[PDB]
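What follows is one structure encoded as structure tokens, with my remarks underneath.
Derivation of every value follows stated rules applied to the coordinates shown; laboratory data play no part. As a convention, Cβ positions derive from the backbone with ideal geometry for all residues, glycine included, and neighbour counts pool all protein chains shown.
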Amino acid sequence: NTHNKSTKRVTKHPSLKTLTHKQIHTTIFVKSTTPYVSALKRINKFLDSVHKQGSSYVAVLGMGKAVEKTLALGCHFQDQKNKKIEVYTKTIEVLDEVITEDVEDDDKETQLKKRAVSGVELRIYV
Amino acid sequence: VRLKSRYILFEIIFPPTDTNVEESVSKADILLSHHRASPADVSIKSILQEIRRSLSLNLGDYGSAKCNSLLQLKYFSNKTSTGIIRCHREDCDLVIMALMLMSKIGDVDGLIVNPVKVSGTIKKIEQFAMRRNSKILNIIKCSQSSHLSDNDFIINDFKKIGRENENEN
Amino acid sequence: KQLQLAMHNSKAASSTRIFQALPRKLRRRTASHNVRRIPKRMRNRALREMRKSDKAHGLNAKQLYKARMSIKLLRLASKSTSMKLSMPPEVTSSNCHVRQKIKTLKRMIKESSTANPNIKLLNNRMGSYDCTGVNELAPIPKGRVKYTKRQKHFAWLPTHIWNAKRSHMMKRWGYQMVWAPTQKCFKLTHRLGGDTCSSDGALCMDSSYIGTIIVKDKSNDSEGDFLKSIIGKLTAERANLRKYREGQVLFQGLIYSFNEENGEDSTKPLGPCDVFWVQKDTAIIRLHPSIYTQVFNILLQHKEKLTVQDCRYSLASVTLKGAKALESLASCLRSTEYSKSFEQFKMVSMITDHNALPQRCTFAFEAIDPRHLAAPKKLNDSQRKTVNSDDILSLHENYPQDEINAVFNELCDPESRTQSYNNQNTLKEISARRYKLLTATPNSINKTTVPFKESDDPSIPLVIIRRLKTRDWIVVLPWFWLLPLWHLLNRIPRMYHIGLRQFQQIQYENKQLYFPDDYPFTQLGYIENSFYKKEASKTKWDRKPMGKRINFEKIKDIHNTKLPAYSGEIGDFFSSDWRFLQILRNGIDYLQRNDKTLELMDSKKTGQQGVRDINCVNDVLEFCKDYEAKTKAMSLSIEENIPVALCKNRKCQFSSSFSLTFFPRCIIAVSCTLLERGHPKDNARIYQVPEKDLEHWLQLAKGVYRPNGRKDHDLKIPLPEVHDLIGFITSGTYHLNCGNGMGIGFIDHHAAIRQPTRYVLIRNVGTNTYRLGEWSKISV
Amino acid sequence: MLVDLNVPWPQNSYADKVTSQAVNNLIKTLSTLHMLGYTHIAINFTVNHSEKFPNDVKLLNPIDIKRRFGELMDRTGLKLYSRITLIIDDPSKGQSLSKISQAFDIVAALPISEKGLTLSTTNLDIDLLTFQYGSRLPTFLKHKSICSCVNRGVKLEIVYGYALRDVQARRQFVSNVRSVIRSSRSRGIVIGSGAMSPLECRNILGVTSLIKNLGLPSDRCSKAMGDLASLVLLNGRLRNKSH
RNA sequence: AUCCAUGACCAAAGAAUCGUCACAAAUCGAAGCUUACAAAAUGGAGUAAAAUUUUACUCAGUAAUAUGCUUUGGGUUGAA
RNA sequence: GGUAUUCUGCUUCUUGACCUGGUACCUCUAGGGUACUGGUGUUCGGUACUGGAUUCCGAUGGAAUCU
């Protein structure tokens, strides 16, 4: 065992993903610092140009800070807009860098670790 | 150079203005009551004739000739009273003045002529009209179960006014 | 011509289908319909040459050129159709068969000067060889005679004849490089090469102009340990460490110029550098052309102990940016044998978000002639779509060290990459080889790519590396092989080539500097700032009629109280003037030697041993005015008033040596974002926020609303003094990644370490409007 | 938002009570104004400043805003306010406005004769001034009378209602509006609407043109129903701190 | 050998900054604010009470702030 | 020793017009291709790729379907 006394710098990495040019044009990654009306307009403008990609739903998608924010947007489309939505809860794994632990600079040795969080995918139909 | 233009989108509201009615209060009912269709006695000629009458009386010869040079009525529907008119860019305000200071079209009485937007190109007022109809349909289908408005004064009309008379490129 | 067949064809479709017009990036306009026209100078020479009638029997001094060019004239005017000389000149009406075949070609040229030695023809039917200078510089590669005449001063890249048709060129630093393409690409560059997630393409740049120096020890012992000292002196003690040598990860930093050979010595920053270590006694260095020679000769001070190859004319490189970058490159590369480093390359070409990959992702192998494929083709990758984060951890343990080293060492040896050309095929024989595939033995395949021979075809060494700071992919290749590859790479339906301005924009968006324009602490950045931009701006300013341009010294209400020194704006009108900053800040500091309370002006004390007293701040401003246009506009002097931030601590300082231009004033580099309206252009000024009115600006930051409900903007804007100037902005425009204007610049170091807050005021040049902003540091 | 602040309340004096048909008409016209786009609305009330004001501190504002219209402040978001239009004719007859200040939010004035008009701009507690555009304003009014009040916190009001009823009133309205515009140098002008029926209301994007083609600059036509009309309401509500 | 005035010809260039304009969408038009996270998922850190269980709380500060904010529109290195 | 001007040498190199008659040669199937050598007897060439989705085969390859 070992306590995580890793107050030294940690460079969090984005979660590994893979796309197919069909999930490019029918998916939104809600960031933590996304203004509400920004994502509202984005979603409102994908539900108008998704038929030509041969699809029937838009996959809003977020974790951490995003989740409640994400859910709020879902609410705004459930009622007061009259659309049907599906909710899925997912688990996600990401990678974090940690140093191996004169005076040297930031350029130190690197070791990878795996840490898991949870998020939500939310499919809004047309 | 090339001559500019402005397009005006005008609706007709038929308020009830009659006593002993005591209507209900809700965003659905007010719109569903004020937006009844036109009695079909009005036509494409009656509106133009009345808007010419209202100019040579509230304005003079030099006010009724700077607008009558180019004033054409393009599209008008009876199921929903929306219509589109065209005029010069520098002489659009006088047409608006004709619009407000005019009521009692022909013989029909008790009504309001309402210009809702003015724009330069013709491609954009079509998109505006589509968005307006979508907004009305959304607000009428959200107060409750939609089919409580089963009288179908306007519900079957917005979908069916798609491009039937709007192919004026 | 019967429509029945048209109906039968459309039966493979709907009844009446509708097709769109072409996208506007795939349209062309019709040229003229008549044949091309020849220049008159090529007409007169040919006409006078054909009209002409026909002591070791050679006697050909300077007449050899006349004969060897008359032959070409005769061939041209006997072959081309556009040649419309007159009625009489014909192939047979004048002796063209007899001439230059039995009169000139053999009787005259062959019988005067015997063919010179070195009749070693080549191992190729296309001119392709190596141009490397061991311990010396190298000349331009030989090629077409016509186009090698124009490279006397500015060289060419391998793709120049291709780019010239599709770009705007310039001429700098001895190269004719590419600046920007001929279409607007501000937003497309952002959303295909930026850090967005909407990328469905890639950007490729031909960066062959960056040199390459292959330094290696010669003690014959693999331990080296003297090249280590050279690399540790050349830069700061960074690029010789366990992370960079043993793990052989790429390095990006700053490179100096040491001169320690007699007593007193120092160092001065030069610019960026790319150092890659191999087998602990070989190093590869990549440098911007401008600083190529100055460092190089430094290494030549110890060529007794090392060896250097100016291989900048033998190795080419290409840089790739975007998300779907490796996917497109992998669609035009196959191997000769089975190698694990191609298995990893096949697997990792399916990520689409390259920020997840670890620090090191080096690939290196041997490809075949890419002209075999005749069309880019996928890697059948759709079968496997369950890549997870557990196989990525395998890439840090299953590293093919020996298989990388063996294929790598076929680039640091001139004869190896000379053998790499051993038999390069012409286009027609590849065409015939492909045609021979219509009568193959399997008879149930219908293949298109030609096969590969075991020993009668060349193998191209190839290296791919990943740059983390710039976040892109380098591909390093032999020089003459670049053109065949680059032809395929631009047939991808969504691949775009970018110039040099797009590179500047991309590196601006990611909050990073740019060596030519944005290094005012380097000997060449200072020149580019105060000597090259200023002329280009003033030349177009003072060459306008007065009144049709912004008047600079007639501007009202710039500062709270006006000093009579400068009537209008402060400093030069055309550049970020750092000399004035140094003088003004030093004078302001000296004015508080022991009298804490400064003072602006005393009303007419007097006019002036050449006394220049230091009483009032107007005196400092007039001292700065005097020092310019009368001390350096008629004479020369060089000094670097701008150092960079140092880890040590040398902040403070203090009638013997009190000059205002003797000590460098340290600064730092920041990025400032605007909380409200604004659009900072270049060279704008950065003021500290006064202690008075701090509450008003804080309230404006929080938000002040009209009774209507919107934001309140039209208020009384207070103004600061002129001694509140602490920085300049060197690059700024609308930042699309955040939706608000943003700028990057430099600010005085001692100013920031005494602010009670984190706000600054920004105003352009030639304007008096002060916008608010907040700044964050950049770790460079 | 849009602010229209001259909807009349059907009562002539402190004696009569409100019938049923009057309030029934008022509700319909309020609904129509809500449809056309207006969100904030005020309700007018006319007295003569020379009558026996109720002595008790209640029943001096018979609007009864919180029981009536309770089903319109929800089910639709429009908000309602209260105001009174005093008519000033004599320079006397007491009843200083310190009493009715707490019972309303907006206090106006409608001078009739020269003495009343010069008293109104001299020293009162009004926060808005209005005229009878119907017919026969006391003419030749100059910058001298209006400058002092408009320099302080007072605003002028136009109604445009009389342009819709009859031609004879329309001519007088268009004659007097030009005088009132040019006398104040286009400063502190706001627009209300006298809607005696659910027919005499109008939209926004035309009435702004109706004022722009009479003399008002186009920069001020966009702030009548807007920032100024919002500021008067904000101050009127913030006056409620008397308690 | 100098100057001034009128006329002819050649050549350069075709001003900058600030503020306002109703809608859970707008404007006479266009665009931007999508590489999903606070290391609170090695199965987070602590306080109180009652016979491990049950019942009450503290810890996330550039914190977050809802049809909201920001940029731009006729010859851009004169003739479109 | 210099620079502006003037006259005389040298170095820069991929066996390349079209049509056509001969000899020798060739791993090409009585005909084709290549070397050495003779005859004055206005637009035309080769090679090459559609975007997207789904499916099948003991594969850095091949195959089929829809839009």
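The order of the peptides C:407-417, C:677-687, C:597-607, C:753-763 by mean Cβ neighbours within 10 Å, most packed first, is C:677-687, C:407-417, C:753-763, C:597-607.
Once the Cβ-Cβ distance of D:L59 and D:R165 is raised to the sixth power relative to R0 = 30 Å, the FRET efficiency obtained is 0.40. Diffusion coefficient of the range C:576-724 by Stokes-Einstein, Kirkwood radius over Cα pairs, 25 °C, 0.890 mPa s: 128 µm²/s. Counting only other chain Cβ atoms within 10 Å of each residue's Cβ, the peptide B:108-119 averages 3.
Compactness check for the protein assembly as shown: Cα Rg over 2.2 N^0.38 Å is 1.24. Computed from backbone phi with θ = phi - 60° and the Karplus coefficients 6.51, -1.76 and 1.60, the 3J(HN,Hα) list for the range B:108-113 is 4, 10, x, 7, 10, 9 Hz; x is used for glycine and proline.
Among the GluC sites (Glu not before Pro) found in the range C:694-775, those both in a DSSP coil and sparsely packed, with 16 or fewer other Cβ atoms within 10 Å of their Cβ, are C:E721. Among the trypsin sites (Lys or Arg not before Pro) within the range B:72-130, those in coil by DSSP and having at most 13 neighbouring Cβ atoms inside 10 Å are B:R89, B:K104.
Between C:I161 and C:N510, the FRET efficiency from the beta-carbon distance, with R0 = 22 Å, is close to 0.10. Counting, for every residue in D:27-38, the Cβ atoms of other protein chains within 10 Å of its Cβ and taking the mean gives 4. Straight-line cross-link reach from C:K101 at under 18 Å between alpha-carbon atoms covers these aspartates and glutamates, not counting any fewer than eight positions away in the same chain: C:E49, C:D54, C:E90, C:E111. Taken along its three principal axes, the alpha carbon spread of the range D:3-239 comes to 44, 43, 36 Å, from the longest extent down to the shortest.
Could you estimate the translational diffusion coefficient of chain C from the Stokes-Einstein equation, with Rh from the Kirkwood formula over C-alpha pairs, at 4 °C and 1.567 mPa s, in whole µm²/s?
40
Listed peptides C:500-510, C:251-261 appear in the order C:500-510, C:251-261 once ranked by packing, highest mean of other Cβ atoms within 10 Å at the front. Separation of the alpha carbons by more than 23 angstrom is noted, of C:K556/C:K716; A:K83/C:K711; C:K233/C:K280; C:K187/C:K702; C:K534/C:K554; C:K79/C:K152, for A:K83/C:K711; C:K187/C:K702; C:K79/C:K152. Our note on the geometry: Cα centres of the range C:177-248 and the range C:511-555, 30 Å apart. Using only the C-alpha atoms, the convex hull of the range B:5-159 corresponds to 119 Å³ per residue.
Backbone amide hydrogens, once placed in the peptide plane, bring C:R172 within less than 5 Å of C:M177, excluding anything fewer than 5 places away on its chain.
Translational diffusion of the range C:251-404, estimated by Stokes-Einstein from the Kirkwood radius over alpha carbon pairs at 20 °C in a medium of 1.002 mPa s, is 111 µm² per second. Centre-to-centre, using Cα atoms only, the range C:602-623 and the range C:495-510 are separated by 49 Å. Working from label points 7 Å from Cα in the Cα-to-Cβ sense, the C:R593 to A:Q78 distance is 7.5 nm. With the biggest extent put first, the Cα atoms of the range C:120-203 measure 55, 29, 27 Å across the principal axes. With Cα atoms as the point set, the radius of gyration and Dmax of the range D:68-154 evaluate to 16.0, 49 Å.
Calculated from the alpha-carbon coordinates, the range C:354-452 shows an Rg and a Dmax of 19.0, 49 Å respectively. Distance between the modelled labels on C:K11 and C:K106, one decimal in nanometres: 6.7 nm (7 Å Cα→Cβ projection).
For the range C:623-701, the Kirkwood estimate of the hydrodynamic radius, built from every pair of different alpha carbons, is 17.3 Å.
For D:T46, the residues whose amide H sits under 5 Å from its own are D:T85, ignoring neighbours fewer than 5 places away on the same chain, with H placed 1.01 Å from N. Protection proxy ranking for D:172-178, C:38-44, using the average of other Cβ atoms within 10 Å per residue and placing the highest first: D:172-178, C:38-44. Karplus-derived 3J(HN,Hα) values for the range C:759-764, using 6.51 cos²θ - 1.76 cosθ + 1.60 with θ = phi - 60°, are 10, 9, 10, 10, 9, 5 Hz; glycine and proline are entered as x.
In straight-distance terms, cross-link reach from B:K79 covers every one of the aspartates and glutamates whose alpha-carbon lies under 20 Å from its own, apart from those fewer than eight places away in the same chain; here that gives B:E11, B:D29, B:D41, B:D107, B:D109, B:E126, B:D150, B:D152, B:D157, B:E164, B:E166, B:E168. Mean partner shielding of peptide C:355-365, defined as the number of other chain Cβ atoms within 10 Å of each residue Cβ, is 2. From the alpha carbon centroid of the range C:326-354 to that of the range A:77-120 is 27 Å. On the basis of the beta-carbon distance and an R0 of 60 Å, D:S148 and C:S655 show a calculated FRET efficiency of 0.35.
One-quarter of the Cα convex hull surface for the range A:10-125, in nm²? List each step's numbers first, then the result.
Details: hull surface 37.6 nm².
Hull-based average projected area comes out at 9.4 nm².
The label point for D:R67 and the one for C:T767, both projected 7 Å from the Cα toward the Cβ, are 6.1 nm apart. Of the GluC sites (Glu not before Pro) in the range C:512-588, the ones in a loop by DSSP (not H, G, I, E or B) with at most 13 other beta carbons within 10 Å are C:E553.
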